[PDB]
Amino acid sequence: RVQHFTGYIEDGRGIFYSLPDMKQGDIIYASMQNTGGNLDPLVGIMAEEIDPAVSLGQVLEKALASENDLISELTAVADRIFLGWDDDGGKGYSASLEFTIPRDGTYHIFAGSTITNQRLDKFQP
Amino acid sequence: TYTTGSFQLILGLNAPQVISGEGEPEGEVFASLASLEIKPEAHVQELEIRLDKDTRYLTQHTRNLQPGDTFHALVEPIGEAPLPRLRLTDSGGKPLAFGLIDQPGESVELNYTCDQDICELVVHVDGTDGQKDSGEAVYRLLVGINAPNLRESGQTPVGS
C-alpha cells in the first residue's frame, strides 16, 4: 500500500494529511525529499490535529536572542508535539520514519520545514 | 619513494577465479579488518587565534570523518579575554553541537560523534556578543579526533 503526494511549503507553513481509522499493529512508513528550492524536510505523526506553528515559533524566539542551543531545544519541543518524527534519516537532509500504530483509531501526518542554519559568515536560524 | 592512493582488494578462499581479478562476492565471509580489534589512532592539533575588531567571526574546516569516529575541541583564552561562543556545523551550516561552559568557567568544550558515512564539519568561534571594540583578544584552540584526553594531552600534537 503506497501513495504519492506533492506540495509546496511557504515560510514554514506545514501541511496536514489524515490517516483515517488505522488498526493496532500496523506499521507506517514515511519519506520526504526536496525537489526544488532550499527546503529542509521534517515529518511528524500525531493523534489530535494541532498546528505546531505556535510552539515551534518559540524555538526561533529563543535562539534568535541567545545561545540556547537549537538542537537541544528542537528535540525537546518535538518530543512533546509529536509521537514520532525524523529530521535527516535519509539521503542528505531528507527524512524517513517508521512508526508502529499504538492503538486503534485515526492519526495525522505533519509535513513541513525544520529550523536550520545555512550560512558560514554568521549564525541565523 | 613510496606511493599514495586508494585501492580495491579482492580476497578469495578456494576460489580460483579470483586471480583473474573479476571475482564477485559469494559465500560466507572469512576475513575482517584487523584494526577493529584495538583502539584507533588519535590526531591532535593546537592553534592560536586572535579576534580583531573587524574579524570577530572565524570558521575552520575539518577533514572527512569515518563512521564511528569522535570529535573533541576546547578553547582557552591567553589572558583576561572574555570566553567566546563555540558551535559545530556541517559544510552547509546545519548545526550539530554547542559548546558547554565548565564549572571552572575559564574554558569551553565541545563534543560530537559520527553517524553518517562521511562528515564534513566546520568549527565556529565568534566574539560578537555585542559591539565593544575590546582590541586584541587572543585565544588558544585545541582540537582532536579520537582523542578524548585533550584536557591533559601531555604529548606534542601527534598524527596529522
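Protein chains in written order, with full-length UniProt numbering: chain A, 37 to 161; chain B, 162 to 321. Each residue gets a CB set at the ideal place from its N, CA and C atoms; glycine is no exception.
C-beta contact flag for residue i and residue j at 8 Å
i: A/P56; j: A/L106; result: no
i: B/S314; j: B/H204; result: no
i: B/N272; j: B/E202; result: no
i: B/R312; j: B/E209; result: no
i: B/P318; j: B/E207; result: yes
i: B/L235; j: B/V269; result: yes
i: B/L247; j: B/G260; result: yes
i: B/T274; j: B/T216; result: no
i: A/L96; j: A/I151; result: yes
Residues of its chain near residue i, where Cβ-Cβ distance is below 6 Å and the 5 sequence neighbours each way are ignored
i: A/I51; result: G43 and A147
i: B/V299; result: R211 and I239
i: A/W121; result: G80 and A114
i: B/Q221; result: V284
i: A/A66; result: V79 and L133
First and last residue of the uninterrupted beta strand (DSSP E) at residue i
i: B/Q206; result: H204 to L212
i: B/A258; result: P256 to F259
i: A/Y53; result: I51 to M58
i: B/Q221; result: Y218 to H222
i: A/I151; result: Note, A/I151: premise wrong, no beta strand (DSSP E); not H, not E.
i: B/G305; result: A298 to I306
i: A/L78; result: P77 to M82
i: B/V269; result: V269 to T274
i: A/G120; result: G120 to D122
i: B/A195; result: That residue, B/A195, is in no beta strand (DSSP E); it is neither H nor E in DSSP.
Cβ-based neighbour list, residue i, same chain, cut-off 8 Å, excluding 5 preceding and 5 following
i: B/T250; result: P256, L257, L282, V283 and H285
i: B/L197; result: none
Span of the alpha helix (DSSP H), counted from its first residue to its last, around residue i
i: A/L92; result: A89 to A99
i: A/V113; result: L106 to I117
Beta-carbon proximity list for residue i, same chain, < 7 Å, skipping 5 on both sides
i: A/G48; result: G148 and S149
i: B/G184; result: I171, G173, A176 and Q178
i: B/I279; result: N225
i: B/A192; result: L172
i: B/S252; result: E281 and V283
Inter-residue CB distance, residue i and residue j (contact presumed, cutoff 8 Å)
i: residue 34 of chain A; j: A/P88; result: Any answer about residue 34 of chain A is impossible in this case: the structure gives chain A only from 37 up to 161.
i: A/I45; j: A/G80; result: Actually they are not in contact, since the Cβ atoms of A/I45 and A/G80 sit about 14 Å apart, beyond 8 Å.
i: A/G125; j: A/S132; result: 4 Å
i: B/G288; j: B/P245; result: 4 Å
i: A/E109; j: A/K98; result: 6 Å
i: A/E134; j: A/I86; result: Not a contact, Cβ separation roughly 23 Å.
i: A/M82; j: A/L119; result: 6 Å
i: B/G254; j: A/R155; result: 5 Å
i: A/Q60; j: A/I137; result: 6 Å
Cross-chain neighbours of residue i in chain B, by beta carbon under 8 Å
i: A/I107; result: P256, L257, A258 and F259
i: A/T152; result: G254, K255 and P256
Partner residues on chain A for residue i, Cβ-Cβ distance less than 9 Å
i: B/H285; result: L156 and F159
i: B/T220; result: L156 and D157
Chain-ordered chain B contacts of residue i [CB-CB under 9 Å]
i: A/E103; result: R246, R248, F259 and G260
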